[PDB]
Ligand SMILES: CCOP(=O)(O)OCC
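Presented below, as structure tokens, is a lone chain in the form deposited without diethyl hydrogen phosphate (DPF).
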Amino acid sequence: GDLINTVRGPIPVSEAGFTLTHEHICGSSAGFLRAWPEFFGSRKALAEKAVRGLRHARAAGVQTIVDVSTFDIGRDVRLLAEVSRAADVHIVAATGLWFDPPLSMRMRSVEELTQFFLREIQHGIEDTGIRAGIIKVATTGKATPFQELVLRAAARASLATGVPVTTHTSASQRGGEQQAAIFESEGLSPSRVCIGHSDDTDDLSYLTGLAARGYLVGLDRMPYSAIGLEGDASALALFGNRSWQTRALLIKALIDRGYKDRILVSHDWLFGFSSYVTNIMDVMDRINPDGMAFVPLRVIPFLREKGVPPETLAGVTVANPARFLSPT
């Protein structure tokens, strides 16, 4: 009976199935794929790449992704609808604002940003009628004044609609703690919030402190590792130096500590990427040729071999996304 909005229209909650909760078709900037599609070879090439990659994920058991691209990540909801149809994978679109708002967003009040986020959830994105099913926000450590307005507008849009909030943060700066403080000052329930990029640290005091408070903890960059590429400074800065198995052990660490219901797993993958260095796709595709099938192909069996029960893994990959995405 409960429903989630996707770029193809409403679906029953129970059909979302195995869901990757932090992904992107294309990491770009507002207006960019319309103005310069040849950056990606062509729009058609980008769409075909994305359809191949979603088909691969689907073969591996993924049924839904949440594309957390905001306005300022260059979200193109028509592209999402096209590739969702072609690949037969559900895609949930996002509203919110990430790190790159333009001036026309940076000048706005909390009330104005609230109406923008509500427009995209309740009315539709652009002129398409496609409704966002999640609100994405971002900080590093200490929230800037504008980021604090974004977080408050996200909380107010979530309270009005039931749609959840998901975050980018700097895990090494324990950024989720200030996010949580702002959301709670707005009366937002922690059960509506995922603190993302939490696998970028092994700081289990930070992670268990959020989980104990009821937050979802997004272990969402599973394939990110610059091991083997450490002379590529741009790769190292984005990916890192920890292995995927190190990241995946955090899923088991939280389950072992009683927090299985508080975990969301994903890749933070993409099929095009213009907001970083030229050719970064190419580096990424070498680190992780499986793309968005890496979680079911590598991470889930690794955890099953370490003794995590199948029921617990189904709860993390199916039940927890369903409860998070259901408007509540």
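One rule holds for the numbers: they count along the sequence shown, beginning at 1.
Colleague: Using only C-alpha atoms and the B-factors in the entry, which stretch averages higher, 41-49 or 65-73?
Modeller: Between 41-49 and 65-73, it is 41-49.
Colleague: Which of the two stretches, 223-231 or 175-183, shows the higher mean Cα temperature factor in the record?
Modeller: Averaging CA B-factors over each stretch, the winner is 223-231.
Colleague: According to the deposited entry, which of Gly240, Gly196, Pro101, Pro164 has the largest Cα B-factor?
Modeller: Highest C-alpha B-factor among the listed residues goes to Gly240.
Colleague: Could you tell me which one of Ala59, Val277, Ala30, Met292 shows the highest CA temperature factor in the PDB record?
Modeller: That would be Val277, according to the entry.
Colleague: Please place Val110 in the lowest, middle or highest third of its chain by C-alpha B factor as given in the entry.
Modeller: It falls in the top third of the chain.
Colleague: Place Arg55 in the lowest, middle or highest third of its chain's C-alpha B-factors, as listed in the PDB entry.
Modeller: It belongs to the lowest third of the chain when residues are ordered by C-alpha B-factor.
Colleague: Using the B-factor values recorded in the entry, state whether the Cα atom of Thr246 falls in the lowest, middle or highest third among the modelled residues of its chain.
Modeller: For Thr246, the deposited C-alpha B-factor lands in the highest third.
Colleague: By the recorded C-alpha temperature factor, relative to the other modelled residues in its chain, which third is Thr201 in?
Modeller: CA B-factor rank for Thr201: highest third.
Colleague: Going by the CA temperature factor in the PDB record, which third of the chain does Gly272 belong to: lowest, middle or highest?
Modeller: As the PDB entry reports it, the C-alpha B-factor of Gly272 lands in the middle third of its chain.
Heads up, the form deposited with diethyl hydrogen phosphate (DPF) bound isn't pictured, but that's what we're talking about next.
Colleague: I need to confirm a contact call. Of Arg131, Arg221, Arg192, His90, which residue comes within 4.5 Å of diethyl hydrogen phosphate (DPF) in the deposited complex, counting heavy atoms only?
Modeller: Of the candidates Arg131, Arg221, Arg192, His90, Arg221 is the one lying within 4.5 Å of diethyl hydrogen phosphate (DPF) in the deposited complex.
Colleague: Within 4.5 Å of diethyl hydrogen phosphate (DPF) in the deposited complex, heavy atoms considered, which of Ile73, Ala157, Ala211, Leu80?
Modeller: Exactly one listed residue reaches within 4.5 Å, namely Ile73.
Colleague: Could you tell me which of 36-44, 49-57, 298-306, 266-274 sits within 4.5 Å of diethyl hydrogen phosphate (DPF) in the deposited complex, going by non-hydrogen atoms?
Modeller: It is 266-274 that comes within 4.5 Å of the partner.
Colleague: Do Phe99 and diethyl hydrogen phosphate (DPF) come within 4.5 Å of each other in the deposited complex, heavy atoms counted?
Modeller: Yes - in the deposited complex, heavy atoms of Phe99 and diethyl hydrogen phosphate (DPF) come within 4.5 Å of each other.
Colleague: Whether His168 contacts diethyl hydrogen phosphate (DPF) in the deposited complex should be assessed with a 4.5 Å heavy atom distance threshold; does it?
Modeller: It does: once diethyl hydrogen phosphate (DPF) is placed as it appears in the deposited complex, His168 has a heavy atom within 4.5 Å of it.
Colleague: Heavy atom within 4.5 Å of diethyl hydrogen phosphate (DPF) in the deposited complex: which residues of 1-39 qualify?
Modeller: Going through 1-39 in order - heavy atoms within 4.5 Å of diethyl hydrogen phosphate (DPF) in the deposited complex - the hits are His22, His24, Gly27.
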